[PDB]
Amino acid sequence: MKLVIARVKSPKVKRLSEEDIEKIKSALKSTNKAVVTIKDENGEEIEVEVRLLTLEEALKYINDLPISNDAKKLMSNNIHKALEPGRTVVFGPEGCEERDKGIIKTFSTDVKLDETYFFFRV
């Protein structure tokens, strides 16, 4: 059971287009660590670090992130929700967001996040 962790290096990217997802899924066939570029609504290029990891590897990835401890606790306590197929978990400057099957749940907390992380089973 492996999850995809998409670290979007932008404070203003709320979601990933299916085209973006396929670009991420395609680059993770030959490797479990890749870097893709995504265009925002303005047209600017945004670097995205993408990784295919198991649950244990993803928890270690979270602990190695240059983010606050509350952001790591937020990600660690909710990473299991991304293991249900059809469920996507988003961590960004606003807070956490569970997109089941569009959005289903949003909780607002400031964890000092300046980037956006997308968790989704593959």
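Quick note: we count residues from 1 along the sequence shown, nothing fancier.
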Comparing 91 to 99 with 38 to 46, the higher average Cα temperature factor in the PDB entry belongs to 38 to 46
Entry-level comparison of average CA B-factors, 80 to 88 and 54 to 62, reporting the higher stretch
80 to 88
So, residue 29's CA B-factor, relative to its chain, sits in which third? The highest
Where the record places residue 122 (Cα B-factor, split into thirds across the chain)
highest
Based on the entry's values, in what third of the chain does the Cα temperature factor of residue 1 lie: lowest, middle or highest?
highest
